[PDB]
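Shown next, in structure tokens, is the structure this report addresses.
Counting begins at 1 with the first residue of the sequence.
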Amino acid sequence: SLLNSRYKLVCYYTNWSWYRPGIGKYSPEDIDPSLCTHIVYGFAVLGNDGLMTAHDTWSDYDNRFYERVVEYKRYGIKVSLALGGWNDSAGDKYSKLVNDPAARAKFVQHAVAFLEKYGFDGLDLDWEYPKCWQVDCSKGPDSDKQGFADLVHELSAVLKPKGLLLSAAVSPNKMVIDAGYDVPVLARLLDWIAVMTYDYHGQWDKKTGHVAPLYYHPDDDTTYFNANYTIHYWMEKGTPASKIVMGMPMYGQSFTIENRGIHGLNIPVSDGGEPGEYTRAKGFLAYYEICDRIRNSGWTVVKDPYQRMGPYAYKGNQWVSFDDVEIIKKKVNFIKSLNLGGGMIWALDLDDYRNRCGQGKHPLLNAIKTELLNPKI
Ligand SMILES: *[C@@H]1O[C@H](CO)[C@@H](O)[C@H](O)[C@H]1NC(C)=O
């Protein structure tokens, strides 16, 4: 059992996975509580009044999704609510909040009342990102760093005496870490730091690349776009290993490659990949969409014999990089070897929870749990 282990397994739940057809539909009752130590609910958002509020009132309130996920506390799981996410981070509202001490003071008392009203065990901060709004460091003021650090302190001061948790999902990008994070403050105050060691590469690069490399690859344009660099950088900046939980993607980044008759890494790309039937997002495919293309649509799979990264798969002008069970076990061994706090997944609803691909239900997440519980490194 994971609840008896020395590691966390932090599972993100997404309320919008409900709005998918057929086998892609995901509900709170689909959560498998044997596979997580912590569940984080994505997402609440920052309202126009500077107060945390439900993003989807139809699901979160009218259909009681908050209560139906907090349900899983009865199994010994810690259930947190996440604030923010990529879409909520587009503008300046988080910046406006953290640069105004009076706005922070009002937000903090309301936020803890919000958590206690619905029974949440904690708050997860997912601002992407302080200073570098949606990764553009030219947008925000440097004071976002001190503002966010002070917000974390002020939340911790109210949450911790109540026994409530405080965590944050953070950038894997050296640039963002340098510009937006006061790492020693975050490392001291947060119960864990969920490092989003994925989306290193995607359609925005205009060439193919892996969503979540583990180690440096010779063809990389940087030394630092891999999980091994990222995790060591967080520690070098002052983060104890026990506070770090390493993110792992249950999905792939997809590409429409240019017509040049090649299919490897770093080949020119004209657009994101065609949307999947269930996830409906150009450039994105759930694992259960990827594994069906391999099994039943003849996509060719290319694996790294050195295991610096997971596989990629392609057919025609479509190309996708993702993590398979093999590289997942490698990443979890990495986690154990550095004595990190554990692992994190994005997201529950993107793994093959229905056993559509015949490897068993939740093949990626079960691979993580099995390897976390295996004493051998
Ligand atoms: C992982 O990163 C560490 C610290 O940056 C480095 O010493 C080591 O060479 C890396 N491991 C690889 C590339 O396999």
Side-chain angles (χ1 to χ4, degrees), residues 86 89 128-140 169-181 183 194-237 239 244 246-249 251-274 281-285 290 300-305 307-314 317-324 326-328 330-331 334 338 346:
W86 176 263
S89 301
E128 298 182 17
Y129 296 94
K131 219 298 188 182
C132 311
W133 305 350
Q134 283 188 342
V135 194
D136 183 348
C137 302
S138 85
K139 299 296 183 181
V170 301
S171 174
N173 186 329
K174 196 172 48 71
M175 176 178 73
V176 176
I177 302 162
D178 297 336
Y181 292 142
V183 176
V195 185
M196 296 181 285
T197 37
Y198 42 68
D199 296 336
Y200 286 100
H201 296 295
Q203 57 185 122
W204 53 86
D205 289 330
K206 303 258 63 154
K207 57 179 170 173
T208 57
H210 202 280
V211 57
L214 178 57
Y215 294 118
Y216 174 77
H217 186 267
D219 296 306
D220 294 341
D221 314 338
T222 72
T223 307
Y224 50 91
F225 277 176
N226 58 83
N228 176 51
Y229 185 100
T230 288
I231 298 300
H232 278 95
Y233 200 66
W234 272 97
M235 288 198 294
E236 174 193 321
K237 291 277 232 166
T239 310
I244 297 176
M246 187 175 83
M248 288 164 286
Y251 66 93
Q253 287 286 340
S254 72
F255 305 75
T256 296
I257 62 182
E258 283 181 0
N259 173 46
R260 291 168 194 238
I262 55 193
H263 55 68
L265 300 164
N266 305 285
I267 71 177
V269 163
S270 59
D271 204 351
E274 275 156 26
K282 182 178 56 142
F284 179 93
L285 290 174
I290 295 167
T300 304
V301 182
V302 180
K303 293 207 255 293
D304 179 4
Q307 292 265 265
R308 300 164 299 192
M309 63 183 76
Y312 62 89
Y314 64 91
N317 70 351
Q318 297 300 296
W319 195 100
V320 64
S321 59
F322 64 103
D323 279 5
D324 62 351
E326 189 178 335
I327 202 67
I328 288 299
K330 187 63 174 302
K331 290 185 169 180
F334 173 83
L338 281 182
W346 186 273

Who pairs with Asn173 by side-chain contact (heavy atoms from CB on, under 4.5 Å), at least two apart in sequence or on another chain?
-> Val135, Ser171, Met175, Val176, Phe225

Flag yes if more than 12 heavy atoms outside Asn259 fall under 6.0 Å of its CG atom; otherwise flag no.
-> no

The side-chain contact (heavy atoms from CB on, under 4.5 Å) partners of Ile267 (sequence neighbours excluded) come to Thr208, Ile257, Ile262

Any chance you could measure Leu214, atom CG, to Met309, atom CE, to the nearest 0.5 Å?
-> 9.5 Å

Considering residues at least two apart in sequence or located in another chain, which fulfil the side-chain contact (heavy atoms from CB on, under 4.5 Å) criterion with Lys174?
-> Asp178, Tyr224, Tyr229, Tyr233

Pairs meeting criterion salt bridge (charged side-chain N to carboxylate O under 4.0 Å, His left out) with involvement of residues 200-211, two or more places apart | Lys207-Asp221

Which salt bridge (charged side-chain N to carboxylate O under 4.0 Å, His left out) pairs, counting each pair once, include a residue from residues 259-274, with sequence neighbours left out?
-> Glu258-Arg260, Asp271-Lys282

Residues passing the side-chain contact (heavy atoms from CB on, under 4.5 Å) test with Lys139, sequence neighbours excluded, are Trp133, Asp136

Quick one: which of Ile290, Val320, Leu265 gives a side-chain contact (heavy atoms from CB on, under 4.5 Å) with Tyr312?
-> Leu265

Straight-line distance of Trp319 CH2 to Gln203 CD, nearest 0.5 Å = 13.0 Å

Over 60° means perpendicular and under 30° means parallel, so classify the ring planes of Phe284 and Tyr251, tilted if in between.
-> parallel

Within the side chain of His201, is there an N or O that forms a donor-acceptor pair under 3.5 Å with the backbone of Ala212?
-> no

